[PDB]
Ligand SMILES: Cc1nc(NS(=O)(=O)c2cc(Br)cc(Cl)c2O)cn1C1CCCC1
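Read the single chain below, which is given as structure tokens and is the form deposited without the ligand.
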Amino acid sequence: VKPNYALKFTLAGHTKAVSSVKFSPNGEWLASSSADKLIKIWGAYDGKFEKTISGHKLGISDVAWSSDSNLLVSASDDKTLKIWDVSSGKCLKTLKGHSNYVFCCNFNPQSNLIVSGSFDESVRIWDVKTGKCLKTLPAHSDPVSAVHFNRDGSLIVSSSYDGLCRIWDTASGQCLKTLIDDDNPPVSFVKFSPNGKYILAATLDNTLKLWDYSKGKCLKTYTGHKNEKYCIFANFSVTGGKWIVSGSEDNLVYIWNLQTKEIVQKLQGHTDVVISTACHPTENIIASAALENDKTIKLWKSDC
């Protein structure tokens, strides 16, 4: 069984490289962040440009939706995160306290907290309602590439250029587990599986790995793509067949069979590094986004 993703829309409008695309949980929007300091909102199904959200003073590396699809948080090189009301476009809060670029962000399922990772090598946990920093974790000894809550909000997984993935107890901020791989390649991305049992981790040696983190055991590895230079997002695609999806530095979208690790599709058409992919929560739809020589977002649709 293999998917058949085909290009359906190309979304242009960002004026520098795109950094991140995410589908709203209610399925109807795509948000995109860019080095052009902007967030844009698009219709998930027809690619209709909806709006631009502005106010960060420098570029944005990541953006994330609240559970109810009403808010976004963005992480910027201006050392802040910003919480936005999606419908109004207004900045509700500015989260200050990181001392360097903010690289990554996520809401917990409750969407009462935001977690962020920074070039300042820390992970911060923030109160959505007040915008105040609740915890600062000395999580790593190099820039933090990714942060993600598990399914119940009780855990955070972080990844860093120091080569480590760490699992943190959200409520206490204390480290529950460190995963080290073999030869400590920088870990450029990490996120829990939907069922909360695994973490999917990208390392800058052209490798994705599926780990059982309680056991500290690698269960699957995925290769064949080029990932040595950028922190490229990776996804569990669960709407049809169970795939692993990732951008690649060869301008392609790679899709792997989660179980057999075989490449099942390569999506051609971006003309620069595919820095970000996202999988639609209910339809077999992939959003992909590329760097400076492309600066567009592409939406692909499959029957499975």
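Numbers for residues come from their place in the sequence shown, where the first is 1.
Unshown form deposited with the ligand bound; subsequent notes refer to it.
The ligand: the contacting residue among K51, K242, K48, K266 in the bound PDB entry [heavy atom, 4.5 Å]: The residue in contact is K242.
Tell me the stretch among 24 to 32, 234 to 242, 40 to 48, 66 to 74 that has any heavy atom within 4.5 angstroms of the ligand in the bound PDB entry. Result of the contact check: 234 to 242.
At 4.5 Å between heavy atoms, is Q174 in contact with the ligand in the bound PDB entry? No.
In the bound PDB entry, does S193 come within 4.5 Å of the ligand, counting heavy atoms only? The answer is yes: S193 has a heavy atom within 4.5 Å of the ligand.
Is it the case that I167, even though its partner is missing from this view, gets within 4.5 Å of the ligand in the bound PDB entry, heavy atoms only? Outside the cut-off, so no.
Does the ligand get within 4.5 angstroms of any non-hydrogen atom of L252 in the bound PDB entry? No.
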